[PDB]
Protein chains: 2
Amino acid sequence: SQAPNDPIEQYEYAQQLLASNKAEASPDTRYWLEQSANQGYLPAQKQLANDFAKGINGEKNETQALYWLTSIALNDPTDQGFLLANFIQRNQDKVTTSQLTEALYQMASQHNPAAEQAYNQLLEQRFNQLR
Amino acid sequence: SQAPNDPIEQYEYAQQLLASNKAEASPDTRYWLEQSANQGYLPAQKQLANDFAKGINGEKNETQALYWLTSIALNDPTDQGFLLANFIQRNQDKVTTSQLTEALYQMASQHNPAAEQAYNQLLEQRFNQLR
């Protein structure tokens with residue numbers, strides 16, 4: 001059972017896998033950070049925000065970077081938007097209000113039925129263009 | 001002493017002043033909403049967000065609208081970014097990532113020294129252009 005369920009041991013397992021330094025890109029590091037971050041573990045959310053922004057353990061994903069930055073803003077009383085603001089500021093050329101809208105609805109959709117409808121509408125239109 | 005110190009009575013005084021319906025624009029309604037909102041009273045923050053967005057009790061102010069929307073996201077567990085996202089989405093033509101950056105640093109500057117420096121840098125540059 002090499003499969004932690006507690007967010008602290010998930011986060012630590014992610015570091016352990018990364019330290020194995022196979023290719024230094026560790027997709028399972030991203031996987032375990034996500035499990036940890038989804039249970040609200042702030043260190044995992046911070047690492048995941050950097051991972052998605054920079055493409056550390058996998059592809060870059062600006063919208064998911066913005067999502068985790070938003071999560072950090074909501075859950076770190078000494079952040080309250082600093083990392084998100086600085087990311088937008090230094091990526092003014094790449095970050096669109098559209099990506100930010102999607103990340104925000106993604107966050108809001110957890111406890112707000114109106115947000116879940118708007119989020120799904122964005123996803124469905126983003127998908128029917130690839131279709 | 002027509003000057004409440006408790007955020008609930010401030011909020012209620014704001015409604016009372018507004019119901020006087022002098023010009024239906026009530027700058028003192030905005031004033032008391034701000035006192036209430038600054039002590040963390042969510043109903044005041046929501047009304048103030050609408051006030052700044054629409055110019056109800058005074059001039060419009062998109063950056064302050066975004067600020068209070070951010071505050072609502074951080075303090076309303078069933079919002080978590082919905083009102084902010086929807087505001088950006090329906091004002092894509094007016095809202096700039098620059099205004100959002102300023103609102104976010106304004107929020108973050110309360111408990112983050114790095115945010116306060118970045119916020120002041122934005123303010124100082126915004127002021128030296130009018131100078």
Side-chain angles (χ1 to χ4, degrees), chain A residues 38 40 42 45-46 49 62-123 125-126, chain B residues 38 40 42 45-46 49 62-123 125-126:
Chain A
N38 275 126
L42 184 61
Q45 299 181 359
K46 282 174 170 168
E62 302 285 287
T63 299
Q64 286 314 287
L66 289 168
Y67 170 75
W68 287 113
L69 290 166
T70 300
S71 184
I72 292 160
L74 270 59
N75 296 114
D76 181 348
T78 60
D79 178 79
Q80 298 192 312
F82 170 72
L83 290 172
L84 179 63
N86 193 275
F87 181 80
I88 294 166
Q89 184 177 49
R90 69 184 189 261
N91 294 282
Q92 288 190 319
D93 296 326
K94 289 194 297 180
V95 168
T96 70
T97 52
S98 169
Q99 290 170 317
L100 177 71
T101 296
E102 181 177 335
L104 286 167
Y105 278 140
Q106 187 185 332
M107 184 71 196
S109 63
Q110 295 166 332
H111 302 110
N112 182 315
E116 168 78 344
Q117 293 305 283
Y119 179 47
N120 289 346
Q121 191 273 340
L122 277 188
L123 296 183
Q125 289 301 111
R126 194 181 68 167
Chain B
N38 275 126
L42 184 61
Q45 299 181 359
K46 282 174 170 168
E62 302 285 287
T63 299
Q64 286 314 287
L66 289 168
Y67 170 75
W68 287 113
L69 290 166
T70 300
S71 184
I72 292 160
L74 270 59
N75 296 114
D76 181 348
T78 60
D79 178 79
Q80 298 192 312
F82 170 72
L83 290 172
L84 179 63
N86 193 275
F87 181 80
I88 294 166
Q89 184 177 49
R90 69 184 189 261
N91 294 282
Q92 288 190 319
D93 296 326
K94 289 194 297 180
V95 168
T96 70
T97 52
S98 169
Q99 290 170 317
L100 177 71
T101 296
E102 181 177 335
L104 286 167
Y105 278 140
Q106 187 185 332
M107 184 71 196
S109 63
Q110 295 166 332
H111 302 110
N112 182 315
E116 168 78 344
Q117 293 305 283
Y119 179 47
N120 289 346
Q121 191 273 340
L122 277 188
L123 296 183
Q125 289 301 111
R126 194 181 68 167

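In what follows, chains carry the letters A, B, and so on, assigned in the order in which the sequence lines appear, proteins first and then strands, with residues in each chain numbered from 1.
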Is chain B contacted by the side chain of A:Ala114, its backbone, both, or neither, given a heavy-atom distance below 4.5 Å?
-> both
B:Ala108 and A:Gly81: which non-hydrogen atoms are nearest, and at how many Å?
-> CB-C, 4.0 Å
Residue selection (most heavy-atom pairs with chain B, distance under 4.5 Å) from A:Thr96, A:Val95, A:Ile88 | A:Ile88
Those residues that, when tested against B:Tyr105, pass side-chain hydrogen bond (donor to acceptor under 3.5 Å, both in side chains) (two or more places apart) | A:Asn86, A:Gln89
Quick one: which residues of residues 115-123 of chain B reach chain A at under 4.5 angstrom, heavy atoms only?
-> B:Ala115, B:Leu122
Rounding to 0.5 Å, atoms CG (B:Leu104) and CD (A:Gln80) come to a distance of 11.0 Å
Part of residues 67-77 of chain B lying next to chain A, heavy-atom separation under 4.5 Å = B:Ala73, B:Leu74, B:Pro77
Mind checking what makes side-chain hydrogen bond (donor to acceptor under 3.5 Å, both in side chains) contact with B:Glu62, not counting sequence neighbours?
-> none
Side chain, backbone, both or neither: which part of A:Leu100 has an atom under 4.5 Å from a heavy atom of chain B?
-> side chain
Which atoms of A:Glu102 approach chain B - backbone, side chain, both or neither, heavy atom under 4.5 Å | neither
